[PDB]
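Just below is one structure, and these are the notes that go with it.
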Amino acid sequence: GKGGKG
Amino acid sequence: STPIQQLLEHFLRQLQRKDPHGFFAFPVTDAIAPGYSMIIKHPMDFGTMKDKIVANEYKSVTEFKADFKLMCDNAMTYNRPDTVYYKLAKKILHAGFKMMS
Amino acid sequence: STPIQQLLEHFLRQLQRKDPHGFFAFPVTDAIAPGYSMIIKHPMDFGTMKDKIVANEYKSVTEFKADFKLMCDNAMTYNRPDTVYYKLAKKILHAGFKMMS
């Protein structure tokens, strides 16, 4: 749902 | 329950109504937002604002507005501009300040 | 296996060595990268490039170079500037191009 990768 | 408290609680209830999914209700965690705590130095959310009302930590509308602005600026900093999150934060930042004026 | 094939396979092995975590080895999925497919319209990665070498789909080093660039640009577009991914994509884009000159 939220943010980018990691 | 001071007069400033019932003023700020009304403002808080009206601002929360503008976030019907509750994206701003609680602290963001790094688990739902990779790298959040290293990018955002001072997290804020509506649940934290409510607590600070009750702790008598706001002495003025200006201090309350400053935390609202920090919550919106954090969202516009962390989230990319095409996201649901970024768009909502911009939308409510400006409407919220207009409502409190 | 043609001569352009052993040339591009050499360049590919040398570019892959610059990505020791394999961040660029395989297609990115929306599950590891929310919203990816709606933001990046033409995905590329080293596994795809290797396949395209083998399908003889590259007739020139320039076409190969274009897909490399597209891979790096996608990463710089999706990922925020502070991330491992963005920094690595910038670093390898410019060094890879220097190398293939």
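A note on labels: chains of the structure tokens are A, B, ... as shown, every chain counts residues from 1, and ligands are counted from 1 in their shown order.
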
(request) Could you list the residues in chain B lying within 8 Å of chain A, using only C-alpha atoms, and format the result as a VMD selection string? (result) chain B and resid 32 to 35 78 to 80

(request) Name all residues at most 12 Å from residue 7 (chain B) (count only C-alpha atoms; drop same-chain ones fewer than 5 positions away) and give them as a ChimeraX atom specification. (result) /B:1-2,12-14,53-54,58-61,64,100

Residue subset to file, keeping N, CA and C atoms, as a PDB file, in the first residue's frame:
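result.pdb written:
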```
ATOM      1  N   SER B   1     -11.130  19.998  31.828  1.00  0.00           N
ATOM      2  CA  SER B   1     -11.340  20.309  30.368  1.00  0.00           C
ATOM      3  C   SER B   1     -11.479  21.823  30.018  1.00  0.00           C
ATOM      4  N   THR B   2     -10.354  22.545  29.938  1.00  0.00           N
ATOM      5  CA  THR B   2     -10.320  23.987  29.644  1.00  0.00           C
ATOM      6  C   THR B   2     -11.054  24.395  28.339  1.00  0.00           C
ATOM      7  N   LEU B  12      -9.944  19.382  15.741  1.00  0.00           N
ATOM      8  CA  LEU B  12      -9.462  18.043  15.493  1.00  0.00           C
ATOM      9  C   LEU B  12     -10.514  17.097  14.916  1.00  0.00           C
ATOM     10  N   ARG B  13     -11.734  17.130  15.442  1.00  0.00           N
ATOM     11  CA  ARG B  13     -12.785  16.309  14.917  1.00  0.00           C
ATOM     12  C   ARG B  13     -13.074  16.738  13.456  1.00  0.00           C
ATOM     13  N   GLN B  14     -13.101  18.047  13.156  1.00  0.00           N
ATOM     14  CA  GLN B  14     -13.406  18.469  11.769  1.00  0.00           C
ATOM     15  C   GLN B  14     -12.261  18.050  10.771  1.00  0.00           C
ATOM     16  N   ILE B  53      -3.640  17.490  23.221  1.00  0.00           N
ATOM     17  CA  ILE B  53      -4.762  18.317  23.739  1.00  0.00           C
ATOM     18  C   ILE B  53      -5.049  17.986  25.196  1.00  0.00           C
ATOM     19  N   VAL B  54      -5.124  16.696  25.480  1.00  0.00           N
ATOM     20  CA  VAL B  54      -5.579  16.285  26.816  1.00  0.00           C
ATOM     21  C   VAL B  54      -4.485  16.479  27.873  1.00  0.00           C
ATOM     22  N   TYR B  58      -1.068  22.001  24.187  1.00  0.00           N
ATOM     23  CA  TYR B  58      -1.283  23.189  23.361  1.00  0.00           C
ATOM     24  C   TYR B  58      -1.856  24.370  24.131  1.00  0.00           C
ATOM     25  N   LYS B  59      -1.174  25.505  24.084  1.00  0.00           N
ATOM     26  CA  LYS B  59      -1.647  26.670  24.805  1.00  0.00           C
ATOM     27  C   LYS B  59      -2.322  27.662  23.880  1.00  0.00           C
ATOM     28  N   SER B  60      -2.327  27.377  22.581  1.00  0.00           N
ATOM     29  CA  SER B  60      -2.853  28.300  21.595  1.00  0.00           C
ATOM     30  C   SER B  60      -3.208  27.529  20.358  1.00  0.00           C
ATOM     31  N   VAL B  61      -4.074  28.128  19.547  1.00  0.00           N
ATOM     32  CA  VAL B  61      -4.409  27.560  18.249  1.00  0.00           C
ATOM     33  C   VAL B  61      -3.199  27.512  17.347  1.00  0.00           C
ATOM     34  N   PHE B  64      -1.226  24.321  17.829  1.00  0.00           N
ATOM     35  CA  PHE B  64      -1.991  23.196  17.328  1.00  0.00           C
ATOM     36  C   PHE B  64      -1.838  23.161  15.815  1.00  0.00           C
ATOM     37  N   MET B 100      -9.543  26.776   9.982  1.00  0.00           N
ATOM     38  CA  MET B 100      -9.115  27.233  11.295  1.00  0.00           C
ATOM     39  C   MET B 100      -8.920  28.755  11.293  1.00  0.00           C
TER      40      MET B 100
END
```

Mobile chain C fitted to chain B over all in-order Cα pairs, reported as a short mmCIF file (atom, residue, chain, number, x, y, z; two decimals) with N, CA, C and O atoms, in the first residue's frame:
```cif
data_model
loop_
_atom_site.label_atom_id
_atom_site.label_comp_id
_atom_site.auth_asym_id
_atom_site.auth_seq_id
_atom_site.Cartn_x
_atom_site.Cartn_y
_atom_site.Cartn_z
N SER C 1 -11.24 20.03 32.00
CA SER C 1 -11.11 20.34 30.53
C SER C 1 -11.37 21.84 30.15
O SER C 1 -12.53 22.31 30.14
N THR C 2 -10.29 22.56 29.85
CA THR C 2 -10.30 24.01 29.62
C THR C 2 -11.03 24.43 28.33
O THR C 2 -11.37 23.57 27.48
N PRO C 3 -11.27 25.75 28.18
CA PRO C 3 -11.86 26.20 26.91
C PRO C 3 -10.94 25.96 25.68
O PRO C 3 -11.47 25.65 24.59
N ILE C 4 -9.60 26.09 25.82
CA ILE C 4 -8.81 25.85 24.62
C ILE C 4 -9.00 24.39 24.22
O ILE C 4 -8.95 24.06 23.02
N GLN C 5 -9.18 23.51 25.21
CA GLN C 5 -9.45 22.11 24.92
C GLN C 5 -10.72 21.83 24.13
O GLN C 5 -10.64 21.07 23.14
N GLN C 6 -11.88 22.40 24.49
CA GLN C 6 -13.01 22.15 23.59
C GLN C 6 -12.83 22.82 22.22
O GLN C 6 -13.32 22.26 21.22
N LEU C 7 -12.15 23.98 22.11
CA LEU C 7 -11.84 24.52 20.77
C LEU C 7 -10.97 23.54 19.94
O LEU C 7 -11.27 23.21 18.79
N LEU C 8 -9.86 23.12 20.51
CA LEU C 8 -8.95 22.26 19.67
C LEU C 8 -9.58 20.90 19.36
O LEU C 8 -9.38 20.33 18.30
N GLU C 9 -10.39 20.38 20.28
CA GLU C 9 -11.10 19.10 20.05
C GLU C 9 -12.12 19.22 18.90
O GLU C 9 -12.23 18.32 18.08
N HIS C 10 -12.82 20.36 18.83
CA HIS C 10 -13.63 20.64 17.67
C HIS C 10 -12.86 20.70 16.36
O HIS C 10 -13.28 20.11 15.39
N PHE C 11 -11.78 21.47 16.34
CA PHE C 11 -10.96 21.52 15.11
C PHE C 11 -10.47 20.13 14.75
O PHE C 11 -10.52 19.77 13.59
N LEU C 12 -10.01 19.36 15.74
CA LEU C 12 -9.49 18.01 15.47
C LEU C 12 -10.53 17.07 14.85
O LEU C 12 -10.29 16.42 13.87
N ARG C 13 -11.73 17.04 15.42
CA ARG C 13 -12.80 16.25 14.88
C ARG C 13 -13.11 16.68 13.48
O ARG C 13 -13.46 15.80 12.68
N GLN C 14 -13.11 17.99 13.19
CA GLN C 14 -13.39 18.45 11.82
C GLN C 14 -12.25 18.06 10.81
O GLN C 14 -12.54 17.62 9.67
N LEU C 15 -10.99 18.23 11.20
CA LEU C 15 -9.86 17.71 10.36
C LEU C 15 -9.90 16.20 10.16
O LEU C 15 -9.65 15.77 9.06
N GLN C 16 -10.23 15.41 11.19
CA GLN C 16 -10.29 13.94 11.06
C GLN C 16 -11.36 13.51 10.04
O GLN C 16 -11.14 12.60 9.27
N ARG C 17 -12.49 14.23 10.02
CA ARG C 17 -13.53 13.96 9.03
C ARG C 17 -13.08 14.16 7.60
O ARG C 17 -13.74 13.65 6.69
N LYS C 18 -11.98 14.88 7.39
CA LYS C 18 -11.45 15.05 6.04
C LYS C 18 -10.54 13.89 5.61
O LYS C 18 -10.09 13.86 4.47
N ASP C 19 -10.28 12.97 6.54
CA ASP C 19 -9.42 11.77 6.30
C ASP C 19 -10.23 10.47 6.58
O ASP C 19 -9.89 9.73 7.51
N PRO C 20 -11.26 10.14 5.72
CA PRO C 20 -12.18 9.06 6.04
C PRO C 20 -11.55 7.65 6.07
O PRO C 20 -12.08 6.79 6.71
N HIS C 21 -10.39 7.44 5.45
CA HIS C 21 -9.65 6.18 5.56
C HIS C 21 -8.78 6.03 6.79
O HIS C 21 -8.29 4.94 7.05
N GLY C 22 -8.54 7.12 7.51
CA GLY C 22 -7.74 7.07 8.76
C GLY C 22 -6.24 6.96 8.44
O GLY C 22 -5.48 6.43 9.26
N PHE C 23 -5.82 7.43 7.25
CA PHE C 23 -4.44 7.43 6.88
C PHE C 23 -3.60 8.23 7.88
O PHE C 23 -2.40 7.92 8.01
N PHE C 24 -4.21 9.24 8.52
CA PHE C 24 -3.47 10.08 9.46
C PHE C 24 -3.84 9.72 10.91
O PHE C 24 -3.37 10.41 11.78
N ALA C 25 -4.65 8.67 11.16
CA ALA C 25 -5.12 8.40 12.54
C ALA C 25 -3.97 8.03 13.49
O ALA C 25 -4.07 8.34 14.69
N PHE C 26 -2.94 7.26 13.04
CA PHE C 26 -2.01 6.65 14.01
C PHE C 26 -0.60 6.82 13.46
O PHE C 26 -0.47 6.97 12.23
N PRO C 27 0.44 6.77 14.34
CA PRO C 27 1.87 6.80 13.94
C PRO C 27 2.17 5.87 12.83
O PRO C 27 1.77 4.69 12.79
N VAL C 28 2.93 6.38 11.89
CA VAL C 28 3.39 5.50 10.82
C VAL C 28 4.52 4.61 11.29
O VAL C 28 5.42 5.09 11.96
N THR C 29 4.56 3.34 10.90
CA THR C 29 5.69 2.50 11.29
C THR C 29 6.58 2.15 10.06
O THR C 29 6.13 2.22 8.94
N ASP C 30 7.84 1.79 10.30
CA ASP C 30 8.72 1.50 9.15
C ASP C 30 8.28 0.25 8.44
O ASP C 30 8.62 0.02 7.24
N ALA C 31 7.52 -0.57 9.16
CA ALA C 31 7.04 -1.82 8.56
C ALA C 31 6.05 -1.56 7.40
O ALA C 31 6.06 -2.28 6.42
N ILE C 32 5.18 -0.56 7.52
CA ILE C 32 4.24 -0.21 6.46
C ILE C 32 4.87 0.82 5.50
O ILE C 32 4.35 1.01 4.39
N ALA C 33 6.01 1.42 5.88
CA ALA C 33 6.57 2.52 5.15
C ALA C 33 8.10 2.48 5.23
O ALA C 33 8.71 3.14 6.08
N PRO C 34 8.75 1.70 4.35
CA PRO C 34 10.18 1.52 4.47
C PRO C 34 10.97 2.83 4.52
O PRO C 34 10.71 3.75 3.72
N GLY C 35 11.93 2.90 5.46
CA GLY C 35 12.80 4.06 5.63
C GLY C 35 12.19 5.27 6.32
O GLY C 35 12.87 6.31 6.54
N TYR C 36 10.92 5.14 6.72
CA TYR C 36 10.14 6.33 7.19
C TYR C 36 10.93 7.05 8.30
O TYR C 36 11.20 8.21 8.23
N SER C 37 11.31 6.32 9.34
CA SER C 37 11.92 6.93 10.53
C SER C 37 13.26 7.58 10.30
O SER C 37 13.72 8.35 11.15
N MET C 38 13.91 7.29 9.19
CA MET C 38 15.20 7.88 8.92
C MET C 38 14.95 9.13 8.07
O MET C 38 15.80 10.02 8.02
N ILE C 39 13.77 9.21 7.43
CA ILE C 39 13.49 10.36 6.55
C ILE C 39 12.70 11.43 7.28
O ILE C 39 12.94 12.64 7.10
N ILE C 40 11.74 10.99 8.11
CA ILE C 40 10.85 11.91 8.87
C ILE C 40 11.38 11.95 10.31
O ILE C 40 11.28 10.96 11.04
N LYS C 41 11.94 13.09 10.71
CA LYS C 41 12.56 13.23 12.01
C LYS C 41 11.63 13.58 13.17
O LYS C 41 11.99 13.35 14.31
N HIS C 42 10.46 14.15 12.86
CA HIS C 42 9.48 14.47 13.90
C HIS C 42 8.07 14.04 13.47
O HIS C 42 7.34 14.82 12.86
N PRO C 43 7.73 12.78 13.75
CA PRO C 43 6.46 12.17 13.27
C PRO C 43 5.34 12.81 14.02
O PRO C 43 5.54 13.29 15.14
N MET C 44 4.20 12.90 13.36
CA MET C 44 2.97 13.43 14.00
C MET C 44 1.73 12.74 13.36
O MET C 44 1.82 12.27 12.23
N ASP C 45 0.58 12.66 14.07
CA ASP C 45 -0.57 12.01 13.49
C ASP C 45 -1.76 12.55 14.36
O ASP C 45 -1.54 13.10 15.46
N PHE C 46 -2.97 12.31 13.92
CA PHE C 46 -4.13 12.79 14.73
C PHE C 46 -4.22 12.20 16.15
O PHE C 46 -4.78 12.84 17.09
N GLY C 47 -3.71 10.96 16.37
CA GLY C 47 -3.83 10.32 17.70
C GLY C 47 -2.96 11.02 18.73
O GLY C 47 -3.39 11.28 19.87
N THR C 48 -1.71 11.26 18.36
CA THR C 48 -0.80 12.12 19.06
C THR C 48 -1.32 13.50 19.34
O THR C 48 -1.27 13.92 20.48
N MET C 49 -1.87 14.17 18.32
CA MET C 49 -2.44 15.50 18.58
C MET C 49 -3.54 15.42 19.63
O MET C 49 -3.59 16.25 20.50
N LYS C 50 -4.40 14.41 19.55
CA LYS C 50 -5.49 14.34 20.54
C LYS C 50 -4.91 14.18 21.94
O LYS C 50 -5.38 14.83 22.92
N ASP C 51 -3.86 13.39 22.05
CA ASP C 51 -3.20 13.16 23.34
C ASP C 51 -2.61 14.44 23.89
O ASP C 51 -2.63 14.65 25.10
N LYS C 52 -2.06 15.26 22.99
CA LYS C 52 -1.43 16.50 23.37
C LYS C 52 -2.49 17.53 23.81
O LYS C 52 -2.24 18.33 24.77
N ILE C 53 -3.67 17.46 23.19
CA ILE C 53 -4.79 18.30 23.67
C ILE C 53 -5.03 17.96 25.15
O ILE C 53 -5.11 18.84 26.00
N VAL C 54 -5.05 16.66 25.46
CA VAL C 54 -5.52 16.18 26.77
C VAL C 54 -4.46 16.44 27.85
O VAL C 54 -4.80 16.67 29.01
N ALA C 55 -3.19 16.45 27.43
CA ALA C 55 -2.04 16.70 28.28
C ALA C 55 -1.84 18.22 28.50
O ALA C 55 -0.85 18.67 29.16
N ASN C 56 -2.82 18.99 27.99
CA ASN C 56 -2.77 20.45 27.93
C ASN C 56 -1.49 20.97 27.33
O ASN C 56 -0.98 21.98 27.79
N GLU C 57 -0.96 20.31 26.31
CA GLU C 57 0.33 20.71 25.80
C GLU C 57 0.18 21.80 24.75
O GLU C 57 1.20 22.34 24.28
N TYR C 58 -1.06 22.09 24.31
CA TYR C 58 -1.31 23.21 23.39
C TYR C 58 -1.87 24.42 24.12
O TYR C 58 -2.98 24.37 24.65
N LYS C 59 -1.16 25.54 24.08
CA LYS C 59 -1.66 26.70 24.79
C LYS C 59 -2.34 27.69 23.82
O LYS C 59 -2.89 28.68 24.23
N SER C 60 -2.32 27.40 22.54
CA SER C 60 -2.80 28.35 21.56
C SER C 60 -3.19 27.56 20.37
O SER C 60 -2.57 26.50 20.10
N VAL C 61 -4.14 28.09 19.60
CA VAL C 61 -4.46 27.54 18.29
C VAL C 61 -3.24 27.52 17.36
O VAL C 61 -3.12 26.62 16.55
N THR C 62 -2.32 28.48 17.49
CA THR C 62 -1.15 28.46 16.61
C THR C 62 -0.28 27.27 16.85
O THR C 62 0.32 26.73 15.87
N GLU C 63 -0.12 26.85 18.11
CA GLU C 63 0.74 25.66 18.35
C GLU C 63 0.09 24.42 17.76
O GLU C 63 0.76 23.48 17.30
N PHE C 64 -1.25 24.39 17.80
CA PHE C 64 -2.04 23.25 17.31
C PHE C 64 -1.89 23.19 15.81
O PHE C 64 -1.59 22.08 15.21
N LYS C 65 -1.97 24.39 15.21
CA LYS C 65 -1.85 24.51 13.78
C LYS C 65 -0.48 24.06 13.32
O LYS C 65 -0.38 23.43 12.27
N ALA C 66 0.55 24.34 14.11
CA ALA C 66 1.94 23.93 13.73
C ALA C 66 2.10 22.42 13.65
O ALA C 66 2.85 21.92 12.84
N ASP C 67 1.44 21.69 14.55
CA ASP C 67 1.51 20.23 14.55
C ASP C 67 0.72 19.63 13.41
O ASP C 67 1.14 18.64 12.82
N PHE C 68 -0.43 20.19 13.11
CA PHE C 68 -1.17 19.86 11.88
C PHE C 68 -0.31 20.03 10.64
O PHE C 68 -0.21 19.08 9.83
N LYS C 69 0.35 21.18 10.51
CA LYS C 69 1.23 21.44 9.36
C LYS C 69 2.33 20.39 9.33
O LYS C 69 2.74 19.92 8.24
N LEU C 70 2.89 20.07 10.49
CA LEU C 70 4.00 19.13 10.50
C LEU C 70 3.54 17.75 10.00
O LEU C 70 4.25 17.09 9.24
N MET C 71 2.32 17.35 10.38
CA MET C 71 1.75 16.11 9.91
C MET C 71 1.62 16.06 8.38
O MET C 71 2.12 15.09 7.72
N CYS C 72 1.01 17.13 7.81
CA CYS C 72 0.86 17.26 6.36
C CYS C 72 2.22 17.30 5.65
O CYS C 72 2.40 16.63 4.59
N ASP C 73 3.15 18.09 6.17
CA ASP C 73 4.51 18.23 5.51
C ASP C 73 5.27 16.92 5.50
O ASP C 73 6.01 16.60 4.51
N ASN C 74 5.14 16.16 6.61
CA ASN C 74 5.80 14.82 6.67
C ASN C 74 5.27 13.92 5.58
O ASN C 74 6.04 13.24 4.86
N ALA C 75 3.96 13.94 5.41
CA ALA C 75 3.34 13.10 4.39
C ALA C 75 3.78 13.57 3.00
O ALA C 75 3.88 12.74 2.08
N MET C 76 3.96 14.87 2.82
CA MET C 76 4.31 15.35 1.45
C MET C 76 5.74 15.13 1.14
O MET C 76 6.17 15.18 -0.06
N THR C 77 6.52 14.96 2.20
CA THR C 77 7.95 14.67 2.11
C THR C 77 8.23 13.18 1.83
O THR C 77 9.06 12.82 0.97
N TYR C 78 7.56 12.33 2.56
CA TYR C 78 7.79 10.88 2.44
C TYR C 78 7.16 10.32 1.16
O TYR C 78 7.81 9.54 0.42
N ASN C 79 5.90 10.65 0.91
CA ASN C 79 5.18 10.03 -0.18
C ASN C 79 5.44 10.72 -1.53
O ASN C 79 5.51 11.94 -1.59
N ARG C 80 5.51 9.93 -2.60
CA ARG C 80 5.64 10.52 -3.92
C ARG C 80 4.39 11.31 -4.29
O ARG C 80 3.29 10.96 -3.89
N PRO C 81 4.56 12.36 -5.13
CA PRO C 81 3.43 13.22 -5.51
C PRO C 81 2.20 12.53 -6.14
O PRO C 81 1.06 12.98 -5.95
N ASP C 82 2.39 11.43 -6.81
CA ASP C 82 1.26 10.74 -7.47
C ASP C 82 0.39 9.91 -6.51
O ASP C 82 -0.63 9.39 -6.92
N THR C 83 0.78 9.75 -5.25
CA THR C 83 0.11 8.82 -4.40
C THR C 83 -1.15 9.43 -3.73
O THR C 83 -1.27 10.64 -3.58
N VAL C 84 -2.05 8.56 -3.32
CA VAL C 84 -3.19 8.96 -2.50
C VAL C 84 -2.74 9.78 -1.30
O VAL C 84 -3.33 10.82 -0.95
N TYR C 85 -1.66 9.36 -0.69
CA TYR C 85 -1.21 9.98 0.57
C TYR C 85 -0.75 11.44 0.41
O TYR C 85 -1.19 12.29 1.15
N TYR C 86 0.09 11.69 -0.59
CA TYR C 86 0.56 13.03 -0.91
C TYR C 86 -0.56 13.98 -1.31
O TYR C 86 -0.67 15.05 -0.76
N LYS C 87 -1.42 13.56 -2.25
CA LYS C 87 -2.62 14.35 -2.63
C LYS C 87 -3.54 14.69 -1.47
O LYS C 87 -4.03 15.81 -1.38
N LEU C 88 -3.85 13.69 -0.66
CA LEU C 88 -4.68 13.94 0.51
C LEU C 88 -3.95 14.95 1.47
O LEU C 88 -4.57 15.91 1.91
N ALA C 89 -2.66 14.76 1.73
CA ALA C 89 -1.92 15.66 2.64
C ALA C 89 -1.91 17.10 2.14
O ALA C 89 -2.20 18.06 2.92
N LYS C 90 -1.67 17.31 0.86
CA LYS C 90 -1.83 18.66 0.26
C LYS C 90 -3.25 19.25 0.37
O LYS C 90 -3.42 20.45 0.80
N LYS C 91 -4.26 18.45 0.02
CA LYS C 91 -5.64 18.89 0.05
C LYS C 91 -5.99 19.33 1.47
O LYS C 91 -6.55 20.43 1.66
N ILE C 92 -5.72 18.48 2.47
CA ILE C 92 -6.22 18.78 3.80
C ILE C 92 -5.37 19.86 4.44
O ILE C 92 -5.85 20.56 5.34
N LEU C 93 -4.11 19.98 4.05
CA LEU C 93 -3.30 21.07 4.67
C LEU C 93 -3.93 22.44 4.39
O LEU C 93 -4.18 23.24 5.31
N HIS C 94 -4.17 22.71 3.12
CA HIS C 94 -4.64 24.02 2.80
C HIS C 94 -6.08 24.20 3.28
O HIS C 94 -6.38 25.23 3.81
N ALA C 95 -6.94 23.18 3.19
CA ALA C 95 -8.35 23.36 3.67
C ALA C 95 -8.45 23.46 5.16
O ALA C 95 -9.32 24.13 5.70
N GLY C 96 -7.61 22.70 5.85
CA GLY C 96 -7.59 22.74 7.30
C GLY C 96 -7.17 24.10 7.75
O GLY C 96 -7.77 24.67 8.74
N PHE C 97 -6.18 24.67 7.06
CA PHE C 97 -5.74 26.00 7.54
C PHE C 97 -6.83 27.07 7.30
O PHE C 97 -7.05 27.92 8.18
N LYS C 98 -7.50 26.98 6.15
CA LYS C 98 -8.66 27.86 5.80
C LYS C 98 -9.74 27.69 6.86
O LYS C 98 -10.43 28.63 7.24
N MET C 99 -9.90 26.47 7.35
CA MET C 99 -11.01 26.19 8.25
C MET C 99 -10.75 26.81 9.61
O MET C 99 -11.66 27.36 10.25
N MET C 100 -9.50 26.73 10.04
CA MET C 100 -9.08 27.19 11.34
C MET C 100 -8.80 28.70 11.34
O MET C 100 -8.40 29.26 12.35
N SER C 101 -8.99 29.34 10.19
CA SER C 101 -9.01 30.81 10.15
C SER C 101 -10.38 31.39 10.42
O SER C 101 -10.51 32.59 10.56
#
```

(request) DSSP on the backbone, then: every residue of chain B marked alpha helix (DSSP H), written as a count of residues only. (result) 62
